[PDB]
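Chemist: pasting the structure only:
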Ligand SMILES: O=C(O)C1(c2ccc(-c3cc(Cl)cc(Cl)c3)c(F)c2)CC1
Ligand SMILES: O=C(O)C1(c2ccc(-c3cc(Cl)cc(Cl)c3)c(F)c2)CC1
């Protein structure tokens, strides 16, 4: 599991459950090619997006579908989605966790890059 | 104005208005002495807590009364308050802005320290 | 000034100075059209991106060039940029402040939306 | 495990390893009584602080020793420590996670309260 996403909800104080997450890779022509997607679990986590063989160096975009998340809870949100854009570099550690903390008018994101 | 506090509300997307703030300073006996207090304005800013003369070197605690803020909006939040504890002025007088971003179960704070 | 951007540096405890910002607007063909750009001042603020007349209703992307900021300070950061994507002015004209707090492997953003 | 603490480092993009964490309970006389303590693991987590029997309703303070953490990495920090103060309420969920994201001049904290 070289890429994991974990999402928390700062309003309810809970994992962000059943959030859609789409991952894209940047292609030669500067367009975003679908790469992986899924919905966060009851623990706010999304595992099994990719394999070591498929996850090569390059620029990736993780789009978190926050607007749908907030509307399903009856909450008025600001953002269309949260976007996390980063380069995967085989220099330094092998396992990427993208963590995000959601509020209706804010979000925070960090990277936990290990082993 | 060497100590200021700015607070934003991450649910409404707005300044956090009427947030009470209490500042304490660690005394010679290692207790927290009340130093200054105030509330955020319509802009989410709190000016005039202290003076350059009174804001001497020490360890300060800025307590932002987040529970009282959320309860006044009819929300039951997680935290009692947000605490920001730091040593001030140890390399000479500085101007400190303590900024905070509030949600019911979460907050962020940062410090902006400038040399006038 | 209906769209402003403020950026702080969580490592230095200081405004984030000379941060490039590019704003895009989604066009009729669903592509991102360049809308406006600028850089943060010595205060970490970017004023004068747009006008009330030009800042019409639409979906906007504010791209904060965090990688370029960190690399200019000699640091190799994680993210390419921070993106803030939102619908603006759908209930009439508003004033938007996009605030961001940067670290090498992390950022926070918030929006402050006011009705003049 | 009714109380867990998990700490991340926003400068290195890693768990915050070997951070000292002290938990206090507020006593009748408004003083802070030591309750539990430990050091975060290689995953940035601190498990086994308390038991269901010991963790009663009341006001708790979690002090994270950030200043020592940053100085051991050779980084100049702002805060003396990070402090998270909250009421434990048997109304609503049973398991508390205090999560924190550390920078030299900032920190973020959230609560994940589940089951
Ligand atoms: O003029 C502005 O926009 C200032 C500013 C700049 C950045 C922030 C900010 C603070 C936190 Cl704790 C988190 C975030 Cl995302 C922005 C903030 F609360 C306030 C100094 C108040
Ligand atoms: O495995 C994960 O995703 C966990 C996690 C998820 C998110 C955070 C976190 C906390 C804050 Cl205050 C801010 C951000 Cl972006 C992430 C965190 F500290 C820890 C639970 C450990």
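Modeler: Perfect, thanks for sending it. Residues are numbered from 1 along each chain as shown, chains lettered A, B, ... in the order given. Ligands and ions are numbered 1, 2, ... in the order given.

Chemist: Please list the residues of chain A that sit near chain D.
Modeler: A:8, A:10, A:13-15, A:44, A:99, A:101, A:108, A:110-114 (C-beta under 8 Å from any C-beta of the partner chain). C-beta here means a position set from N, CA and C on the backbone, and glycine is covered the same way.

Chemist: now, which of these lie within strands?
Modeler: Secondary structure assignment (DSSP state E) places A:8, A:14-15, A:99, A:101, A:108, A:110-114 from the residues of chain A next to chain D within strands.

Chemist: beta partners for the residue of chain A found nearest ligand 2?
Modeler: The nearest approach of chain A to ligand 2 comes at residue A:6, 2.6 Å away (C-beta to the nearest ligand atom). For residue A:6, the beta-bridge assignment (DSSP bridges) gives partners residue A:45, residue A:99.

Chemist: That one touches residue A:44, doesn't it?
Modeler: Yes - the pair formed by residue A:6 and residue A:44 meets the contact definition of C-beta atoms under 8 Å, at 5.6 Å.

Chemist: neighbour-wise, which of these two wins?
Modeler: Counted by other C-beta atoms under 10 Å in any protein chain shown, residue A:6 and residue A:44 do not tie: residue A:44 has more neighbours, with 22 against 19.

Chemist: what's the closest non-adjacent residue to that one?
Modeler: Beyond its immediate neighbours in the sequence, the residue positioned closest to residue A:44 (C-beta to C-beta, 6 or more residues apart in numbering or on different chains) is residue A:15, lying 2.8 Å away.

Chemist: how about the one you found, what does it touch?
Modeler: Residues in contact with residue A:15, defined by C-beta atoms under 8 Å, 6 or more residues apart in numbering or on different chains, are A:6-9, A:40-45, D:112, D:114.

Chemist: Can you tell me who it pairs with across the strands?
Modeler: Assessed by DSSP bridges, residue A:15 has beta-bridge partners residue A:8.

Chemist: Drop anything exposed from the contacts of residue A:15.
Modeler: Among the contacts of residue A:15, those that count as buried by neighbour count (16 or more other C-beta atoms under 10 Å in any protein chain shown) are A:6-9, A:40, A:44-45, D:112.

Chemist: can I get the residues you listed in a markdown table with distance to ligand 1?
Modeler: As requested, the buried ones among the contacts of residue A:15 are arranged in a markdown table below (distance: C-beta to the nearest ligand atom, whole Å):
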| residue | distance to ligand 1 |
| --- | --- |
| A:6 | 20 |
| A:7 | 17 |
| A:8 | 16 |
| A:9 | 17 |
| A:40 | 22 |
| A:44 | 21 |
| A:45 | 24 |
| D:112 | 20 |
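
Chemist: Could you report the separation of residue A:108 from chain C?
Modeler: According to C-beta to the nearest C-beta, to the nearest Å, residue A:108 and chain C sit 4 Å apart.

Chemist: contacting residues around that residue?
Modeler: A:100-101, B:108, C:106-109, D:101, D:108.

Chemist: and if you look at residue A:55?
Modeler: If you count contacts by C-beta under 8 Å, 6+ apart, residue A:55 has them with A:2-3, A:88.

Chemist: quick one: which of those residues has the most company?
Modeler: For the contacts of residue A:55, neighbours were counted by other C-beta under 10 Å; the highest total belongs to residue A:3, with 23 neighbours.
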